[PDB]
Every structure is written in structure tokens, then in C-alpha cells.
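Text of the file work_38.pdb, holding PDB, C-alpha atoms and all ligand atoms:
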```pdb
MODEL        1
ATOM      1  CA  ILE A   1      30.298  15.195   3.786  1.00  0.00           C
ATOM      2  CA  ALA A   2      31.012  13.868   0.295  1.00  0.00           C
ATOM      3  CA  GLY A   3      30.416  10.115  -0.002  1.00  0.00           C
ATOM      4  CA  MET A   4      27.882  10.072   2.827  1.00  0.00           C
ATOM      5  CA  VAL A   5      24.539   8.448   1.968  1.00  0.00           C
ATOM      6  CA  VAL A   6      21.063   9.990   2.183  1.00  0.00           C
ATOM      7  CA  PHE A   7      17.741   8.282   1.438  1.00  0.00           C
ATOM      8  CA  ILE A   8      14.981  10.564   0.166  1.00  0.00           C
ATOM      9  CA  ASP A   9      11.353   9.469   0.484  1.00  0.00           C
ATOM     10  CA  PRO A  10       8.813  11.518  -1.492  1.00  0.00           C
ATOM     11  CA  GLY A  11       5.610  10.615   0.323  1.00  0.00           C
ATOM     12  CA  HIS A  12       2.929   8.615  -1.486  1.00  0.00           C
ATOM     13  CA  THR A  13      -3.882  15.107  -0.012  1.00  0.00           C
ATOM     14  CA  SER A  14      -4.010  18.140  -2.338  1.00  0.00           C
ATOM     15  CA  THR A  15      -4.146  21.911  -2.810  1.00  0.00           C
ATOM     16  CA  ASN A  16      -7.514  23.509  -3.481  1.00  0.00           C
ATOM     17  CA  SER A  17      -6.486  23.849  -7.142  1.00  0.00           C
ATOM     18  CA  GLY A  18      -5.954  20.075  -7.236  1.00  0.00           C
ATOM     19  CA  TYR A  19      -2.147  20.012  -7.277  1.00  0.00           C
ATOM     20  CA  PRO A  20      -1.496  16.630  -5.610  1.00  0.00           C
ATOM     21  CA  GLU A  21       0.748  15.938  -2.609  1.00  0.00           C
ATOM     22  CA  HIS A  22       2.566  13.106  -4.389  1.00  0.00           C
ATOM     23  CA  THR A  23       3.723  15.445  -7.171  1.00  0.00           C
ATOM     24  CA  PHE A  24       4.825  18.214  -4.808  1.00  0.00           C
ATOM     25  CA  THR A  25       6.856  15.759  -2.774  1.00  0.00           C
ATOM     26  CA  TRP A  26       8.237  14.081  -5.896  1.00  0.00           C
ATOM     27  CA  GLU A  27       9.402  17.351  -7.497  1.00  0.00           C
ATOM     28  CA  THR A  28      10.804  18.822  -4.301  1.00  0.00           C
ATOM     29  CA  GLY A  29      12.560  15.534  -3.636  1.00  0.00           C
ATOM     30  CA  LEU A  30      14.178  15.717  -7.072  1.00  0.00           C
ATOM     31  CA  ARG A  31      15.437  19.233  -6.387  1.00  0.00           C
ATOM     32  CA  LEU A  32      16.829  18.139  -3.017  1.00  0.00           C
ATOM     33  CA  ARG A  33      18.450  15.201  -4.791  1.00  0.00           C
ATOM     34  CA  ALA A  34      20.145  17.459  -7.329  1.00  0.00           C
ATOM     35  CA  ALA A  35      21.460  19.751  -4.588  1.00  0.00           C
ATOM     36  CA  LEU A  36      22.841  16.828  -2.624  1.00  0.00           C
ATOM     37  CA  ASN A  37      24.493  15.260  -5.675  1.00  0.00           C
ATOM     38  CA  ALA A  38      26.010  18.683  -6.219  1.00  0.00           C
ATOM     39  CA  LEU A  39      27.504  18.425  -2.728  1.00  0.00           C
ATOM     40  CA  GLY A  40      29.032  14.995  -3.428  1.00  0.00           C
ATOM     41  CA  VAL A  41      26.427  13.273  -1.237  1.00  0.00           C
ATOM     42  CA  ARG A  42      25.121   9.868  -2.413  1.00  0.00           C
ATOM     43  CA  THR A  43      21.320   9.851  -2.710  1.00  0.00           C
ATOM     44  CA  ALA A  44      18.477   7.385  -3.290  1.00  0.00           C
ATOM     45  CA  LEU A  45      14.724   7.695  -3.802  1.00  0.00           C
ATOM     46  CA  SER A  46      11.930   5.570  -2.345  1.00  0.00           C
ATOM     47  CA  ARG A  47      10.322   5.549  -5.793  1.00  0.00           C
ATOM     48  CA  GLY A  48      11.389   6.083  -9.399  1.00  0.00           C
ATOM     49  CA  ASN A  49       8.365   7.889 -10.828  1.00  0.00           C
ATOM     50  CA  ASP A  50       5.269   9.886  -9.944  1.00  0.00           C
ATOM     51  CA  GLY A  51       4.756   3.060  -5.341  1.00  0.00           C
ATOM     52  CA  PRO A  52       6.083   1.205  -2.301  1.00  0.00           C
ATOM     53  CA  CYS A  53       4.031   0.884   0.924  1.00  0.00           C
ATOM     54  CA  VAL A  54       5.622   1.709   4.300  1.00  0.00           C
ATOM     55  CA  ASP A  55       7.375  -1.603   4.757  1.00  0.00           C
ATOM     56  CA  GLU A  56       9.387  -1.766   1.599  1.00  0.00           C
ATOM     57  CA  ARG A  57      10.382   1.855   2.204  1.00  0.00           C
ATOM     58  CA  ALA A  58      11.603   0.843   5.656  1.00  0.00           C
ATOM     59  CA  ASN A  59      13.467  -2.156   4.260  1.00  0.00           C
ATOM     60  CA  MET A  60      14.995  -0.093   1.450  1.00  0.00           C
ATOM     61  CA  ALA A  61      16.135   2.595   3.816  1.00  0.00           C
ATOM     62  CA  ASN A  62      17.575   0.116   6.309  1.00  0.00           C
ATOM     63  CA  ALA A  63      19.190  -1.871   3.500  1.00  0.00           C
ATOM     64  CA  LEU A  64      20.995   1.206   2.318  1.00  0.00           C
ATOM     65  CA  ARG A  65      22.224   2.058   5.813  1.00  0.00           C
ATOM     66  CA  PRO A  66      22.125   5.807   5.166  1.00  0.00           C
ATOM     67  CA  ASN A  67      23.565   8.613   7.242  1.00  0.00           C
ATOM     68  CA  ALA A  68      20.167  10.256   6.956  1.00  0.00           C
ATOM     69  CA  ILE A  69      16.621   9.436   5.875  1.00  0.00           C
ATOM     70  CA  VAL A  70      14.324  12.298   5.018  1.00  0.00           C
ATOM     71  CA  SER A  71      10.668  11.798   4.153  1.00  0.00           C
ATOM     72  CA  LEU A  72       8.737  14.601   2.467  1.00  0.00           C
ATOM     73  CA  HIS A  73       5.031  15.270   2.961  1.00  0.00           C
ATOM     74  CA  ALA A  74       2.455  18.027   2.926  1.00  0.00           C
ATOM     75  CA  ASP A  75      -0.521  18.215   5.272  1.00  0.00           C
ATOM     76  CA  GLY A  76      -4.214  18.488   4.569  1.00  0.00           C
ATOM     77  CA  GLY A  77      -5.194  20.521   7.603  1.00  0.00           C
ATOM     78  CA  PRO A  78      -7.669  23.270   8.385  1.00  0.00           C
ATOM     79  CA  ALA A  79      -7.062  26.153   5.956  1.00  0.00           C
ATOM     80  CA  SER A  80      -5.836  28.699   8.528  1.00  0.00           C
ATOM     81  CA  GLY A  81      -3.019  26.423   9.639  1.00  0.00           C
ATOM     82  CA  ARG A  82       0.261  26.863   7.818  1.00  0.00           C
ATOM     83  CA  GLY A  83       3.936  26.128   8.153  1.00  0.00           C
ATOM     84  CA  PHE A  84       6.188  23.099   8.526  1.00  0.00           C
ATOM     85  CA  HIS A  85       6.658  20.568  11.274  1.00  0.00           C
ATOM     86  CA  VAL A  86       9.439  18.016  11.646  1.00  0.00           C
ATOM     87  CA  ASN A  87       8.299  14.695  12.963  1.00  0.00           C
ATOM     88  CA  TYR A  88      10.600  12.291  14.770  1.00  0.00           C
ATOM     89  CA  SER A  89      10.044   9.056  16.678  1.00  0.00           C
ATOM     90  CA  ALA A  90       9.351   9.551  20.383  1.00  0.00           C
ATOM     91  CA  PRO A  91       9.737   7.715  22.718  1.00  0.00           C
ATOM     92  CA  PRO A  92      12.693   6.027  20.869  1.00  0.00           C
ATOM     93  CA  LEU A  93      12.657   2.325  19.970  1.00  0.00           C
ATOM     94  CA  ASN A  94      16.440   2.336  19.632  1.00  0.00           C
ATOM     95  CA  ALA A  95      19.559   4.406  20.239  1.00  0.00           C
ATOM     96  CA  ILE A  96      19.572   6.051  16.801  1.00  0.00           C
ATOM     97  CA  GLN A  97      16.025   7.347  17.343  1.00  0.00           C
ATOM     98  CA  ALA A  98      17.020   8.488  20.833  1.00  0.00           C
ATOM     99  CA  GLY A  99      19.904  10.650  19.683  1.00  0.00           C
ATOM    100  CA  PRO A 100      20.958  11.179  16.039  1.00  0.00           C
ATOM    101  CA  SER A 101      17.347  11.323  14.788  1.00  0.00           C
ATOM    102  CA  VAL A 102      16.442  13.999  17.330  1.00  0.00           C
ATOM    103  CA  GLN A 103      19.522  16.067  16.549  1.00  0.00           C
ATOM    104  CA  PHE A 104      18.582  15.706  12.882  1.00  0.00           C
ATOM    105  CA  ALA A 105      15.088  16.940  13.670  1.00  0.00           C
ATOM    106  CA  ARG A 106      16.340  20.000  15.587  1.00  0.00           C
ATOM    107  CA  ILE A 107      18.911  20.960  12.957  1.00  0.00           C
ATOM    108  CA  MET A 108      16.329  20.542  10.216  1.00  0.00           C
ATOM    109  CA  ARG A 109      13.780  22.713  12.041  1.00  0.00           C
ATOM    110  CA  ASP A 110      16.395  25.430  12.610  1.00  0.00           C
ATOM    111  CA  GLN A 111      17.480  25.417   8.970  1.00  0.00           C
ATOM    112  CA  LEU A 112      13.954  25.390   7.531  1.00  0.00           C
ATOM    113  CA  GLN A 113      13.161  28.345   9.738  1.00  0.00           C
ATOM    114  CA  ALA A 114      16.379  30.211   8.776  1.00  0.00           C
ATOM    115  CA  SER A 115      15.556  29.718   5.071  1.00  0.00           C
ATOM    116  CA  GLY A 116      12.195  31.466   5.211  1.00  0.00           C
ATOM    117  CA  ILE A 117       9.896  28.473   5.688  1.00  0.00           C
ATOM    118  CA  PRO A 118       7.600  29.363   8.623  1.00  0.00           C
ATOM    119  CA  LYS A 119       7.143  26.831  11.438  1.00  0.00           C
ATOM    120  CA  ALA A 120       3.619  25.402  11.712  1.00  0.00           C
ATOM    121  CA  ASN A 121       1.293  27.536  13.840  1.00  0.00           C
ATOM    122  CA  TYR A 122      -1.256  24.742  14.278  1.00  0.00           C
ATOM    123  CA  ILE A 123       0.688  21.590  15.157  1.00  0.00           C
ATOM    124  CA  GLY A 124       3.709  20.522  17.193  1.00  0.00           C
ATOM    125  CA  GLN A 125       5.858  22.957  19.133  1.00  0.00           C
ATOM    126  CA  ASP A 126       8.417  25.273  17.532  1.00  0.00           C
ATOM    127  CA  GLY A 127       8.290  23.254  14.315  1.00  0.00           C
ATOM    128  CA  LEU A 128       9.048  19.923  15.979  1.00  0.00           C
ATOM    129  CA  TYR A 129       6.762  17.041  16.834  1.00  0.00           C
ATOM    130  CA  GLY A 130       7.888  13.916  18.669  1.00  0.00           C
ATOM    131  CA  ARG A 131       5.398  11.141  18.135  1.00  0.00           C
ATOM    132  CA  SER A 132       4.807   7.429  18.556  1.00  0.00           C
ATOM    133  CA  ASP A 133       2.191   6.688  15.905  1.00  0.00           C
ATOM    134  CA  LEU A 134       4.128   6.761  12.614  1.00  0.00           C
ATOM    135  CA  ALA A 135       5.328   3.346  11.401  1.00  0.00           C
ATOM    136  CA  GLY A 136       7.890   4.818   9.000  1.00  0.00           C
ATOM    137  CA  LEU A 137       9.826   6.583  11.761  1.00  0.00           C
ATOM    138  CA  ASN A 138       9.374   3.819  14.343  1.00  0.00           C
ATOM    139  CA  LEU A 139      10.911   1.149  12.113  1.00  0.00           C
ATOM    140  CA  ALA A 140      13.935   3.243  11.087  1.00  0.00           C
ATOM    141  CA  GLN A 141      17.350   2.058  12.334  1.00  0.00           C
ATOM    142  CA  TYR A 142      19.304   4.973  10.871  1.00  0.00           C
ATOM    143  CA  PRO A 143      18.709   8.702  11.374  1.00  0.00           C
ATOM    144  CA  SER A 144      15.268   9.570  10.112  1.00  0.00           C
ATOM    145  CA  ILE A 145      12.795  12.430  10.243  1.00  0.00           C
ATOM    146  CA  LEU A 146       9.576  13.127   8.360  1.00  0.00           C
ATOM    147  CA  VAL A 147       9.068  16.692   7.209  1.00  0.00           C
ATOM    148  CA  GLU A 148       5.642  18.125   6.569  1.00  0.00           C
ATOM    149  CA  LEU A 149       6.647  21.150   4.538  1.00  0.00           C
ATOM    150  CA  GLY A 150       3.266  22.837   4.953  1.00  0.00           C
ATOM    151  CA  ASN A 151      -0.518  22.680   4.672  1.00  0.00           C
ATOM    152  CA  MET A 152      -1.829  22.182   1.120  1.00  0.00           C
ATOM    153  CA  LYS A 153      -5.175  23.692   2.144  1.00  0.00           C
ATOM    154  CA  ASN A 154      -3.495  26.917   3.228  1.00  0.00           C
ATOM    155  CA  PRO A 155      -3.420  29.601   0.489  1.00  0.00           C
ATOM    156  CA  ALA A 156       0.137  30.704   1.253  1.00  0.00           C
ATOM    157  CA  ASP A 157       1.652  27.258   1.558  1.00  0.00           C
ATOM    158  CA  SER A 158      -0.266  26.134  -1.498  1.00  0.00           C
ATOM    159  CA  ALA A 159       1.001  29.199  -3.337  1.00  0.00           C
ATOM    160  CA  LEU A 160       4.565  28.191  -2.553  1.00  0.00           C
ATOM    161  CA  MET A 161       3.944  24.534  -3.461  1.00  0.00           C
ATOM    162  CA  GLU A 162       2.228  25.132  -6.833  1.00  0.00           C
ATOM    163  CA  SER A 163       5.146  27.339  -7.874  1.00  0.00           C
ATOM    164  CA  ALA A 164       8.519  26.063  -9.140  1.00  0.00           C
ATOM    165  CA  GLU A 165      10.255  28.892  -7.258  1.00  0.00           C
ATOM    166  CA  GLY A 166       8.566  27.901  -4.011  1.00  0.00           C
ATOM    167  CA  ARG A 167       9.491  24.256  -4.482  1.00  0.00           C
ATOM    168  CA  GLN A 168      13.099  25.250  -5.057  1.00  0.00           C
ATOM    169  CA  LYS A 169      12.948  27.367  -1.872  1.00  0.00           C
ATOM    170  CA  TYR A 170      11.765  24.298   0.043  1.00  0.00           C
ATOM    171  CA  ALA A 171      14.571  22.273  -1.521  1.00  0.00           C
ATOM    172  CA  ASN A 172      17.225  24.828  -0.527  1.00  0.00           C
ATOM    173  CA  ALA A 173      15.995  24.736   3.051  1.00  0.00           C
ATOM    174  CA  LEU A 174      15.952  20.940   3.091  1.00  0.00           C
ATOM    175  CA  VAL A 175      19.479  20.721   1.680  1.00  0.00           C
ATOM    176  CA  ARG A 176      20.747  23.143   4.333  1.00  0.00           C
ATOM    177  CA  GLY A 177      19.138  20.947   7.002  1.00  0.00           C
ATOM    178  CA  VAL A 178      20.481  17.671   5.605  1.00  0.00           C
ATOM    179  CA  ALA A 179      24.003  19.015   5.005  1.00  0.00           C
ATOM    180  CA  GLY A 180      23.853  20.530   8.482  1.00  0.00           C
ATOM    181  CA  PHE A 181      23.077  17.203  10.120  1.00  0.00           C
ATOM    182  CA  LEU A 182      25.565  15.281   7.963  1.00  0.00           C
ATOM    183  CA  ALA A 183      28.388  17.557   9.068  1.00  0.00           C
ATOM    184  CA  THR A 184      27.765  16.774  12.756  1.00  0.00           C
ATOM    185  CA  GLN A 185      28.041  13.050  12.018  1.00  0.00           C
TER     186      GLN A 185
HETATM  187 ZN    ZN B 201       1.620  12.452   3.191  1.00  0.00          ZN
ENDMDL
END
```
Could the structure of this file be written out as C-alpha cells, please?
Ligand SMILES: [Zn+2]
Amino acid sequence: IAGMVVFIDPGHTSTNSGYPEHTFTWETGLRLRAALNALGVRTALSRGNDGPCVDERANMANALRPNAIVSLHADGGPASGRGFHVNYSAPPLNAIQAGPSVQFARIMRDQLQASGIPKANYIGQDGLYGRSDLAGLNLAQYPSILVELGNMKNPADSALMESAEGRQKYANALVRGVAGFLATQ
């Protein structure tokens, strides 16, 4: 999988303590980036600091023609909801969204779950959510999923997110998912 290309998009809500989504996603994205570089995988970021709106991120991603595009987010849901969901475009607007992107979503869900990140109990089904409303996924022409790693309003998710150890956990799970999909390609 060395020499493959992966585009990482740190999204942009907040935790009750006021730890912002954009910083969580930025930091976790950096850890994922380091892990991938360690695997010989070529990476890029949607932004260079802690930005672009959804179109330039689509054009950047498409322009780089990556093997995989992974967007990182955290939800602001009702407090009792916790866990991750992996969003993918459905119904597909092209053949990549119809196949490779779905496989990527399934492999990512499996690996996040195997790494100790609980699947969302309040949204999607079994940690997956096929949807038609997200511009970022719809416009993608290369394999692309959007991961909501958890709910910032949930005490447990927020506890993981506001902790460096938790963020590294999330990164380890993400890297297992990405590497897992890349190997099938
Ligand atoms: Zn977001």
C-alpha cells in the first residue's frame, strides 16, 4: 500500500467544556496523517491550520485523484447518543460511489468497531449511514466516506475527544480502516 494516495479532510459544534469540533478533527487528522506516512502512504490535508468551503475541498480531492478520501467530523446530538457512524453517498451518482466507497464504508465501520470505538446507538444502522444529502460525498469521484467519530455532547465521547489518548485511539482505528480499504484496492 506504500505510494497510494489518501486525502484527509478535518471538518470545518463543541463539547460541553467548549473543546471545538474543528480542533478535534484537526488533531485527530494529524495523528492519522502521521500513521499513514509511517506506512508509506502519501497523504494530504484539506487545510493547513486550525478554511476551504465544500467546493474547493471537492476540487482538491478530485484533483489529487486519491485512492481514498476520509472526512473527519464529530456530531452535536442529544447527549444520550454516542458512538460513530460512517456516512457514504447513497444512491450513488457514479460507479465509484456505488462500489469502492461502500466497501470503504463497511471496512471502516468494522475496523472502528474492532478498535474499541462504539457504533452510534442513535443514528444510522450498525455504524453505517447511506445518505443523499451531503454535498461533499455526492461530488466525490474517488472513494470517499465521512466519519462522525462520536457525539461531542455525550460525556463519554467528549471524554475521549478532549483527551490526547482518546484522540490517538481514534487515529489508530481510522488508520486500520484506511489501510484495510487500501489493501483491497
Ligand atoms: Zn462537522
Polymer residues at most 8 Å from segment 131-138 of chain A, only C-alpha atoms, same-chain spacing of 6 or more positions, as a PyMOL selection string:
chain A and resi 54-55+57-58+87-93+144-146
Closest to ligand ZN 201 (chain B) among A:75, A:56, A:50, A:27, using all atoms listed in the file?
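Result for the nearest residue to ligand ZN 201 (chain B): A:75.
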Could you produce a table of the residues of chain A lying within 9 Å of ligand ZN 201 (chain B), with the nearest pair of atoms per residue and their separation in Å rounded to one decimal, using only C-alpha atoms and all ligand atoms, ordered by chain and increasing residue number, as a tab-separated table?
```
residue	atom	partner	partner_atom	distance
A:10	CA	B:ZN201	ZN	8.6
A:11	CA	B:ZN201	ZN	5.2
A:12	CA	B:ZN201	ZN	6.2
A:13	CA	B:ZN201	ZN	6.9
A:21	CA	B:ZN201	ZN	6.8
A:22	CA	B:ZN201	ZN	7.7
A:25	CA	B:ZN201	ZN	8.6
A:72	CA	B:ZN201	ZN	7.5
A:73	CA	B:ZN201	ZN	4.4
A:74	CA	B:ZN201	ZN	5.6
A:75	CA	B:ZN201	ZN	6.5
A:76	CA	B:ZN201	ZN	8.5
A:148	CA	B:ZN201	ZN	7.7
```
Out of A:68, A:86, A:61, A:123, which residue has the shortest atom-to-atom distance to residue 180 of chain A when counting all atoms listed in the file?
A:68
Can you spell out as a VMD selection string the set of residues that the PyMOL selection byres (((chain A and resi 112) around 9) and not hetatm) selects in the structure I just provided?
chain A and resid 84 107 to 111 113 to 119 149 170 172 to 174 176 to 177
Please produce a file of those selected residues containing C-alpha atoms, as a short mmCIF file (atom, residue, chain, number, x, y, z; two decimals), in the coordinates of the input.
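This is the output file out07.cif:
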```cif
data_model
loop_
_atom_site.label_atom_id
_atom_site.label_comp_id
_atom_site.auth_asym_id
_atom_site.auth_seq_id
_atom_site.Cartn_x
_atom_site.Cartn_y
_atom_site.Cartn_z
CA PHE A 84 6.19 23.10 8.53
CA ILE A 107 18.91 20.96 12.96
CA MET A 108 16.33 20.54 10.22
CA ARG A 109 13.78 22.71 12.04
CA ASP A 110 16.40 25.43 12.61
CA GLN A 111 17.48 25.42 8.97
CA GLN A 113 13.16 28.34 9.74
CA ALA A 114 16.38 30.21 8.78
CA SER A 115 15.56 29.72 5.07
CA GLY A 116 12.20 31.47 5.21
CA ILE A 117 9.90 28.47 5.69
CA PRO A 118 7.60 29.36 8.62
CA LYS A 119 7.14 26.83 11.44
CA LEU A 149 6.65 21.15 4.54
CA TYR A 170 11.76 24.30 0.04
CA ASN A 172 17.23 24.83 -0.53
CA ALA A 173 16.00 24.74 3.05
CA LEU A 174 15.95 20.94 3.09
CA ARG A 176 20.75 23.14 4.33
CA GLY A 177 19.14 20.95 7.00
#
```
Which distance in Å separates atom CA of residue 41 of chain A and atom CA of residue 69 of chain A, to one decimal?
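Computed distance, atom CA of residue 41 of chain A to atom CA of residue 69 of chain A, equals 12.7 Å.
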What gap, in Å, lies between atom CA of residue 151 of chain A and atom CA of residue 79 of chain A?
7.5 Å
Given all atoms listed in the file as the basis, pick out the residue of A:39, A:8, A:160, A:120 nearest to residue 179 of chain A.
A:39
Using all atoms listed in the file for the distances, tell me which of A:29, A:48, A:18, A:127 is nearest to residue 153 of chain A.
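That would be A:18, the residue with the smallest distance to residue 153 of chain A.
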Of the candidates A:14, A:147, A:94, A:53, which one gets nearest to residue 71 of chain A if we count only C-alpha atoms?
A:147
Do you know which residues lie at most 6 Å from (13.0, 16.7, 18.7), with coordinates as in the file and all atoms listed in the file counted, and could you write them as a list in words?
residues 102, 105, 106, 128 and 130 of chain A
Atom CA of residue 183 of chain A to atom CA of residue 6 of chain A, distance in Å rounded to a single decimal:
12.6 Å
Considering all atoms listed in the file, state which residue in the set A:95, A:64, A:30, A:156 is at the smallest distance from residue 15 of chain A.
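Answer, going by the shortest atom-to-atom distance: A:156.
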Taking the file above as input, evaluate the PyMOL selection byres (((chain A and resi 82) around 7) and not hetatm) and report the hits as a list in words.
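So the PyMOL selection byres (((chain A and resi 82) around 7) and not hetatm) ends up selecting residues 80, 81, 83, 120, 121, 122, 150, 151, 154 and 157 of chain A.
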I'd like the box whose edges run along x, y and z of the file and which contains every listed atom of segment 105-109 of chain A, padded by 4 Å per side; could you state its centre and edge lengths in Å, one decimal, as AutoDock Vina command-line options?
```
--center_x 16.3 --center_y 19.8 --center_z 12.9 --size_x 13.1 --size_y 13.8 --size_z 13.4
```
